[PDB]
Amino acid sequence: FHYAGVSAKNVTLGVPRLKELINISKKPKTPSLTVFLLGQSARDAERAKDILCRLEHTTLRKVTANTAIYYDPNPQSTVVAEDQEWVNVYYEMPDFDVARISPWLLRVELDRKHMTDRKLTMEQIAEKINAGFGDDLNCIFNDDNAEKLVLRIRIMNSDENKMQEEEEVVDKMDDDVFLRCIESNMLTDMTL
Amino acid sequence: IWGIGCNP
Amino acid sequence: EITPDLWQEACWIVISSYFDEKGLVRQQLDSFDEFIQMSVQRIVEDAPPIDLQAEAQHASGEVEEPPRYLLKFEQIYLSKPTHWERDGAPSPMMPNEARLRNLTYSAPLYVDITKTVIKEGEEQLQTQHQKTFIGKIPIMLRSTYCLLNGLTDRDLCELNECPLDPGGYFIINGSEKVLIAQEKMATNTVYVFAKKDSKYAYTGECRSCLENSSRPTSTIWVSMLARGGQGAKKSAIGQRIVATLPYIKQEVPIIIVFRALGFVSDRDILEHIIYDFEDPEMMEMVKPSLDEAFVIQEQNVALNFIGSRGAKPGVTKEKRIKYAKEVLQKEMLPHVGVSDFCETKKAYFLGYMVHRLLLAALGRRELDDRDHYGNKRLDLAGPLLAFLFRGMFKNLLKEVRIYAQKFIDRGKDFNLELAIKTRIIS
Amino acid sequence: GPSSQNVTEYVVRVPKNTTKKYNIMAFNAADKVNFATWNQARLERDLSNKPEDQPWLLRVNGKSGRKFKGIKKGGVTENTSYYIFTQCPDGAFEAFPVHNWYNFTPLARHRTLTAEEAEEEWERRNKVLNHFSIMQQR
Amino acid sequence: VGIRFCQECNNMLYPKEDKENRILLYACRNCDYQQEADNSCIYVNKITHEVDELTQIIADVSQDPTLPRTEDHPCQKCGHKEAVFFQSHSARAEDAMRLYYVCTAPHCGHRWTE
Amino acid sequence: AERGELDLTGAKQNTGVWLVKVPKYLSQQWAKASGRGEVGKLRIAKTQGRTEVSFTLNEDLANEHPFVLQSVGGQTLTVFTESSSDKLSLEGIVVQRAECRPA
Amino acid sequence: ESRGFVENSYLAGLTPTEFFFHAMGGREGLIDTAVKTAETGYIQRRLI
Amino acid sequence: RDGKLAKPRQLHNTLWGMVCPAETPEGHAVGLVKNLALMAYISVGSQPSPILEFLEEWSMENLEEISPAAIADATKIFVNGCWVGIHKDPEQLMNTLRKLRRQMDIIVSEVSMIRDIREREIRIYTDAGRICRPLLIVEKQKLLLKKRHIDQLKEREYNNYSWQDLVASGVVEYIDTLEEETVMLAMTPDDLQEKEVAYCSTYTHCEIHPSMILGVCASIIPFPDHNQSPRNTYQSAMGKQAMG
Amino acid sequence: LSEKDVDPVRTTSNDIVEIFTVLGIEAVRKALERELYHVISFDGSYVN
Ligand SMILES: [Zn+2]
Ligand SMILES: [Zn+2]
């Protein structure tokens, strides 16, 4: 305390910082990294902001306004009234529904302010989720023009039809418990 | 006892 | 009828009256005074009556085999501070003479002891030893039991004592000793704190004690485990509430504790925990802990679960169940109740503890401050000497029991006067 | 009519002694206790010690019906008393002191996990598999 | 959204998919009771947890001598001049210095945020 | 028909009973004699949309008690008696609760 | 005024609330000194 | 004393009026050894039975049927621990308790009764450890202390009027830290109670004199408000060492 | 450091252990000297 606030970043100083340096502690109290920009990004604030976004960790939780799990028996049923339009669009030429579709629906809703602050893209988030998790999680993303940024996630189509698994016809972690586990994993570990 | 930047 | 701008005289007139009635050391004095009277009687009353009989194996036959000896300590008495000279004649001891001769300013303590003997012939005999001397209690100076009490300054000067001397100290071995008030955390109060490095995100503690009659504190924790730990089911369930009950080696799920108190149904447990069922956030908070305790759906099974984790295992299953039940009735939440059907009260208070933990977790209430002096109490001379006398009087009863048991196994007789060791208390 | 201004006043009688003691039987509202199906019931002192100062066990309609456990009220009414007013042909209220208060709570007539199996199951706290199937297996 | 309990043993129901009719159910694990799901929504999580604290504000708060009050903002219902105002008084409220207002005078208890 | 059987005839007849909380001075006054068969009079006055209950202390006993009603919808209460002949019976169901307060 | 600002000078004299807040600040300074001595002594011993 | 944490030693706000801010030892015991303020008193303890009986008489139904019900039953009456039931009307109960504290029937001067209006709890603590101080009582904007009381106290001897009569009259009241959390205080009657630009119009108590916040050794310091704070601690320590 | 538009020459961290593992023992020698000099001279005090 009483350190002059040149920047909005706290720094250990005084006896505790001397202790950290002298002890060579593996865990500094305030580990910090000063980054200098090589090109015109140093001069121009927008490019510097781009670098800042590329250097700052962002989880799905940071941009997610609210998450809900609805049991949707049919994709055409559209238990949520809002998705009825865009779901229809995606199911005008349905993709990956050939195996099956999950009866449970994780309808994540993202805050537009956080998305535009981090300059994230719905295609970007959807690609990260779908590619990292694999074909098991199928995601439907809204248009950015739509008032609500909605990502509709469903469990593996082949796992739902169970033709691909074969083996024994026994539910593992049910499906909604597995979906909740997936939600927690996405919230804290997406690393978008 | 003075301020936030000084002493207590 | 008002006193405006004449206030500087009025405030100091009322302050003068305050310090004229009381003075500066009225804490010490008052504490000590209260202690003596109330505390000693209470302790003598609160200690269990001495039960005693000869061993059945020692003597053949049952005609006189249970000669039950029962000792009850009726009432307490304190004389004015007295010195017993080498000749043996009691004399009043003035504090100044105690200082000069390096004596201790103390008063004798006498207890009426009633000995009732049942010889198995149904002819129980009660003999009351009145004014039995059990020890000597140091007397705080200028307290109600000090000789200097109620003496005008001229009388104090006649005794070579200062009129201005505050009192509030004891003369032990000729030296003036002052009991320093000791700070402590408040008892019978639920406090929710947060520990950063702990495995629990929040912990609610209640340092429960039954009017300080015994067991200085019986602390119980209800803590919500942190969600930082990552696992498949761990991520699915979220934070779970555990209870660090006294006399139990490890953590016990809270719902199991509620079912041990006889509340098996989940709806009743949540009625005690969540006072408003309509609020969804708290219900969602409680759900994982119900999931953890889904296995145990019976009171006896919950008691067995508690007993298995008890510090000392019980070989028999029903022994474990009985041990857990008695441990809950005595050790857990003693201030709420200690016997009979206090189980509903204990369930309500434990639900209050869990509910306050839930409010802290949801942010609806702020975490308690340990430094807030509302959460602090001050142990003066009274509570400290009361704790001391509890310990020493229990030891005195123990020694009386040992001597009595030897003489009773002999069957000759027992004498109260020989059993009592004044050395102990003094 | 007379119902809008009726005034009823009745004599109060308190007999010194009654052959049958009076108690209070209280059921929780959420339990939805119904006496129409109570064809038979058995109220007796418990045997959990495997008398007058022990809880009560009620078994309605034998083993097929619901069982309830009743516990005397721990808090004594040292500064309170409870009386019951009953209609009688003489038209006078009769007051009887409440000897005891009992709160009866039900136990489901459902399959109960054995203690040994329960301990074995708790050994596997991380029940990744559905618990409902586990209950079905038992 | 909310939690509902079984009607036989008063235990907690759990959601279960009906594989035949594709209808959500709630089944008690300790018995055979089943009830169809009416709400069709199960797990809702608000990460921003934006909650109107007017639901968490008690009308009795209007009786506290230690709170500040103004006559500038009148009540909507009764038009009473006194109104006792206070900040969030809540942990994890994000960043909110908004004043909430509670109407004084008996039994009104109307709460407005400006 | 057995020793443990509960006589539920009172429940079948749906006999309604009233439960009242009364103070210790009133109960002790009643218990003083307790054998004269009389302790006071309970007077209930009903109006168009309001009812009041009061108890008058006996003049001999003294040498007004308003009653306040309480809702009984939150809990179902019944009264059962243990006969000295080991014949348990049910007297009725509590339909109203009241409290007696000093004047 | 509520959070600790003392507008009176030492010559003018602190008002009672200002007096208590000033005592809080001085107490913090004293605690800092007393705690500092031991940590610095340990560091000095290690270096030497 | 070994612990170097600077949390337990700092002068807490709740120490106001009950522990001397200046008088503390310096060294390993800074802020860990404290001294009572001049007017501070420490509760001796009392039996909670009469208070519980009064509560039972007023209302406080215990063993109720989940009546809290989003705390529809405003407040839960606590005692020294021990939730003993709840009441529907908390304000009438609090006012009746204060009146009883004045009449000294069931509530001794030391009995401390705290109502938390939000969170709806009343605590009613009488547990032999609480540190409390006398404060004058302010009704509306007028101190209850009036010229009659001051004139009788001024004639104290041969008038048999003392501080205990002032307490019995209801003019002064003992308030502990928990109740200090729920009480609006005025440092001075004239400056604060009197009508001005209205900071607060709900003062419930008034300080007898601010200088009573200091202890015995700090009370000898002349003009302590004109010195730096550590200097008053130094003078407390050195006045314990003066020869006389 | 390896991110695009980040200067590899001048980007530095306060953590001496990271400087070790990434840039070597000599880099730590210099970085430790810089950190100690910063903490010593923040007060304005000069040590040779
Ligand atoms: Zn069920
Ligand atoms: Zn209004």
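Within every chain, numbering begins at 1; the chains are lettered A, B, ... in the order of the sequence lines, protein sequences first and strands thereafter. Order of listing sets the numbers, starting from 1, for every ligand and every atom in it.
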### Query
Can you check whether C/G363's main-chain N or O pairs, donor with acceptor, with E/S90's side chain at less than 3.5 Å?
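Yes; at least one donor-acceptor contact below 3.5 Å.
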### Task
Using 2.8 Å as a strict upper limit, say whether an N, O or S atom of E/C28 approaches the Zn ion (ligand 1) that closely.
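An N, O or S atom of E/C28 is closer than 2.8 Å to the Zn ion (ligand 1), so yes.
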Cation-pi, [Y] ring and [X] (6.0 angstrom, 45 degrees):
X: H/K76; Y: C/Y275; answer: yes
X: C/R309; Y: C/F305; answer: yes
X: E/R29; Y: E/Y14; answer: yes

### Query
At the Zn ion (ligand 1), what is the angle formed between atom SG of E/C6 and atom SG of E/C31, rounded to the nearest 10°?
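Taking the Zn ion (ligand 1) as the apex, I get 100° for this pair.
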### Query
Short check: any N/O/S atom of E/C78 below 2.8 Å from the Zn ion (ligand 2)?
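An N, O or S atom of E/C78 is closer than 2.8 Å to the Zn ion (ligand 2), so yes.
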### Query
Of the backbone and side-chain N, O or S atoms of E/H80, does one lie nearer to the Zn ion (ligand 2) than 2.8 Å?
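Short answer: no, not a single N, O or S atom is under the cut-off.
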